[PDB]
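Here is the structure we will look at.
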Amino acid sequence: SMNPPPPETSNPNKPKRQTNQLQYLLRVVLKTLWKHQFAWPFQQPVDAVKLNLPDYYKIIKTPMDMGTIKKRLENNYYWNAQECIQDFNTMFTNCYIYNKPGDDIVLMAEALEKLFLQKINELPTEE
Ligand SMILES: COc1cc2c(c(OC)c1OC)[C@H](c1cc(Br)ccc1F)CC(=O)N2
């Protein structure tokens with residue numbers, strides 16, 4: 001029934017890098033998805049209290065959202081691009097796990113994911 005604490009976005013002892021791939025993940029990938037007309041349900045953690053989804057965090061054990069990803073990118077939280085790509089994929093997969101096909105939120109996730117895949121296809125080679 002209750003909400004968990006959000007995912008970690010700060011950890012001073014976690015090793016961090018700023019790489020050209022992570023810069024692309026923020027400037028191209030995150031920015032493109034964030035401005036999309038279907039971005040809004042994904043811009044913050046699922047509030048299972050407000051949304052009256054008391055089973056959400058009984059089913060979704062690795063929550064993820066673009067607000068968290070945005071903070072991780074802006075806080076230089078990641079070591080490599082694959083960590084960040086995994087967060088996006090967790091976010092989409094959580095939606096497909098919890099909801100049913102044809103739900104509005106699933107259609108929204110699919111449109112964002114299509115764009116995500118198109119941008120990741122042109123992830124630059126590591127400098
Ligand atoms: C990522 O998972 C979700 C995030 C949000 C919402 C979700 O409910 C479908 C949701 O799926 C569990 C809410 C919402 C979205 C649509 Br579309 C229709 C009804 C809604 F209650 C609103 C929101 O701000 N975020």
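Ligands are numbered from 1 in the order shown, chains are lettered A, B, ... in the order of the structure tokens, and residues start at 1 in each chain.
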- Message: Quick one: residues within 10 Å of residue 80 in chain A, only C-alpha atoms, excluding same-chain residues fewer than 4 positions away - as a PyMOL selection string?
- Response: chain A and resi 16-22+84-85
Residues within 10 Å of ligand 1 should be enumerated using only C-alpha atoms and all ligand atoms and returned as a PDB file with C-alpha atoms, in the first residue's frame.
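Result file is part_3.pdb:
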ATOM      1  CA  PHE A  38       3.771  10.899 -23.432  1.00  0.00           C
ATOM      2  CA  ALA A  39       6.666  11.586 -21.031  1.00  0.00           C
ATOM      3  CA  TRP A  40       4.641  12.847 -18.090  1.00  0.00           C
ATOM      4  CA  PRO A  41       3.703   9.512 -16.381  1.00  0.00           C
ATOM      5  CA  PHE A  42       7.409   8.603 -16.396  1.00  0.00           C
ATOM      6  CA  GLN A  43       8.920  11.865 -15.112  1.00  0.00           C
ATOM      7  CA  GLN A  44       8.772  10.860 -11.416  1.00  0.00           C
ATOM      8  CA  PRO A  45       8.468   7.682  -9.330  1.00  0.00           C
ATOM      9  CA  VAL A  46       5.101   5.962  -9.365  1.00  0.00           C
ATOM     10  CA  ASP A  47       3.078   7.384  -6.439  1.00  0.00           C
ATOM     11  CA  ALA A  48       1.136   4.252  -5.560  1.00  0.00           C
ATOM     12  CA  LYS A  50      -2.071   8.929  -4.997  1.00  0.00           C
ATOM     13  CA  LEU A  51      -2.729   6.560  -7.907  1.00  0.00           C
ATOM     14  CA  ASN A  52      -4.437   4.009  -5.614  1.00  0.00           C
ATOM     15  CA  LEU A  53      -2.211   1.138  -6.790  1.00  0.00           C
ATOM     16  CA  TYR A  56       2.313  -1.793  -7.378  1.00  0.00           C
ATOM     17  CA  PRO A  63      11.209   0.770  -9.652  1.00  0.00           C
ATOM     18  CA  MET A  64      12.657   3.231 -12.128  1.00  0.00           C
ATOM     19  CA  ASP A  65      11.554   6.460 -13.789  1.00  0.00           C
ATOM     20  CA  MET A  66      13.002   9.242 -15.923  1.00  0.00           C
ATOM     21  CA  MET A  91      11.430   1.577 -16.543  1.00  0.00           C
ATOM     22  CA  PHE A  92       9.822   0.276 -19.736  1.00  0.00           C
ATOM     23  CA  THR A  93       9.753  -3.345 -18.563  1.00  0.00           C
ATOM     24  CA  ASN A  94       8.136  -2.411 -15.226  1.00  0.00           C
ATOM     25  CA  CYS A  95       5.302  -0.836 -17.199  1.00  0.00           C
ATOM     26  CA  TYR A  96       4.814  -3.947 -19.356  1.00  0.00           C
ATOM     27  CA  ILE A  97       4.948  -6.177 -16.254  1.00  0.00           C
ATOM     28  CA  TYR A  98       2.443  -4.243 -14.157  1.00  0.00           C
ATOM     29  CA  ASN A  99      -0.081  -3.101 -16.784  1.00  0.00           C
ATOM     30  CA  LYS A 100      -1.970  -4.968 -19.500  1.00  0.00           C
ATOM     31  CA  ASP A 103      -3.569   0.213 -21.583  1.00  0.00           C
ATOM     32  CA  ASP A 104      -2.858   3.872 -22.277  1.00  0.00           C
ATOM     33  CA  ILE A 105       0.287   3.780 -20.142  1.00  0.00           C
ATOM     34  CA  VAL A 106       1.621   0.824 -22.171  1.00  0.00           C
ATOM     35  CA  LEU A 107       0.995   2.661 -25.457  1.00  0.00           C
ATOM     36  CA  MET A 108       2.867   5.631 -23.994  1.00  0.00           C
ATOM     37  CA  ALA A 109       5.790   3.461 -22.888  1.00  0.00           C
TER      38      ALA A 109
END
- Apply DSSP to the structure's backbone, then extract all residues of chain A labelled helix (DSSP H, G or I) and return them as a PyMOL selection string. chain A and resi 20-34+40-42+56-59+66-74+81-98+104-120
- Message: Given only C-alpha atoms as the basis, pick out the residue of A:57, A:34, A:24, A:116 nearest to residue 70 in chain A.
- Response: A:34
- Message: Quick one: residues within 10 Å of residue 119 in chain A, only C-alpha atoms, excluding same-chain residues fewer than 3 positions away - as a list in words?
- Response: residues 24, 25, 28, 29, 30, 32, 33, 113, 114, 115, 116, 122 and 123 of chain A
Can those selected residues be exported to a file as a tab-separated table (two decimals), in the first residue's frame so that it contains N, CA and C atoms?
chain	number	residue	atom	x	y	z
A	24	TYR	N	25.89	11.86	-24.27
A	24	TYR	CA	24.86	11.60	-25.27
A	24	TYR	C	23.58	11.09	-24.63
A	25	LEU	N	23.71	10.22	-23.63
A	25	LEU	CA	22.51	9.71	-22.96
A	25	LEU	C	21.70	10.84	-22.32
A	28	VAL	N	20.95	13.82	-25.73
A	28	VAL	CA	20.13	13.30	-26.82
A	28	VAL	C	19.01	12.41	-26.28
A	29	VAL	N	19.36	11.34	-25.57
A	29	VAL	CA	18.37	10.30	-25.26
A	29	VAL	C	17.37	10.80	-24.23
A	30	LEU	N	17.85	11.22	-23.06
A	30	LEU	CA	16.93	11.70	-22.02
A	30	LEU	C	16.17	12.93	-22.49
A	32	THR	N	15.28	13.89	-25.45
A	32	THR	CA	14.28	13.55	-26.46
A	32	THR	C	13.06	12.91	-25.82
A	33	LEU	N	13.27	12.00	-24.87
A	33	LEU	CA	12.12	11.36	-24.23
A	33	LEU	C	11.41	12.31	-23.28
A	113	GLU	N	9.73	4.06	-25.91
A	113	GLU	CA	10.76	3.04	-26.12
A	113	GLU	C	11.20	2.99	-27.58
A	114	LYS	N	10.27	3.18	-28.52
A	114	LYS	CA	10.65	3.24	-29.93
A	114	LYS	C	11.69	4.32	-30.18
A	115	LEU	N	11.45	5.51	-29.63
A	115	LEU	CA	12.41	6.61	-29.76
A	115	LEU	C	13.70	6.29	-29.04
A	116	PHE	N	13.61	5.72	-27.84
A	116	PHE	CA	14.79	5.30	-27.11
A	116	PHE	C	15.68	4.40	-27.95
A	122	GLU	N	22.35	4.91	-32.34
A	122	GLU	CA	23.43	5.80	-32.75
A	122	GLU	C	24.25	6.31	-31.57
A	123	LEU	N	24.29	5.53	-30.50
A	123	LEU	CA	25.21	5.79	-29.41
A	123	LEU	C	26.62	5.93	-29.97
- Neighbour list for residue 75 in chain A as number ranges by chain, cut-off 8 Å, only C-alpha atoms, skip fewer than 2 positions in-chain: A: 9-10, 71-73, 77
Go ahead and write the residues just picked, N, CA, C and O atoms, as a PDB file, in the first residue's frame.
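Final file, part-v5.pdb:
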ATOM      1  N   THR A   9      20.035   8.420  -6.045  1.00  0.00           N
ATOM      2  CA  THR A   9      20.575   9.313  -7.066  1.00  0.00           C
ATOM      3  C   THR A   9      21.905   9.941  -6.664  1.00  0.00           C
ATOM      4  O   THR A   9      22.485  10.703  -7.443  1.00  0.00           O
ATOM      5  N   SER A  10      22.391   9.657  -5.467  1.00  0.00           N
ATOM      6  CA  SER A  10      23.630  10.233  -4.960  1.00  0.00           C
ATOM      7  C   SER A  10      24.319   9.162  -4.136  1.00  0.00           C
ATOM      8  O   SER A  10      23.665   8.497  -3.327  1.00  0.00           O
ATOM      9  N   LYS A  71      18.164  12.738 -12.752  1.00  0.00           N
ATOM     10  CA  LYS A  71      19.021  13.130 -11.635  1.00  0.00           C
ATOM     11  C   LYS A  71      20.327  12.364 -11.658  1.00  0.00           C
ATOM     12  O   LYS A  71      21.383  12.930 -11.369  1.00  0.00           O
ATOM     13  N   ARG A  72      20.281  11.070 -11.986  1.00  0.00           N
ATOM     14  CA  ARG A  72      21.518  10.304 -12.030  1.00  0.00           C
ATOM     15  C   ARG A  72      22.467  10.875 -13.080  1.00  0.00           C
ATOM     16  O   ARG A  72      23.663  11.055 -12.816  1.00  0.00           O
ATOM     17  N   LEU A  73      21.942  11.195 -14.267  1.00  0.00           N
ATOM     18  CA  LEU A  73      22.776  11.773 -15.319  1.00  0.00           C
ATOM     19  C   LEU A  73      23.321  13.137 -14.907  1.00  0.00           C
ATOM     20  O   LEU A  73      24.511  13.427 -15.097  1.00  0.00           O
ATOM     21  N   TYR A  77      26.158  10.211 -11.777  1.00  0.00           N
ATOM     22  CA  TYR A  77      26.045   9.058 -10.891  1.00  0.00           C
ATOM     23  C   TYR A  77      26.565   7.765 -11.507  1.00  0.00           C
ATOM     24  O   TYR A  77      26.971   6.858 -10.768  1.00  0.00           O
TER      25      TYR A  77
END
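Taking CA of residue 78 in chain A and CA of residue 14 in chain A as endpoints, the distance between them is 8.4 Å.
The residue that comes closest to residue 68 in chain A, out of A:82, A:2, A:8, A:126 and on the basis of only C-alpha atoms, is A:8.
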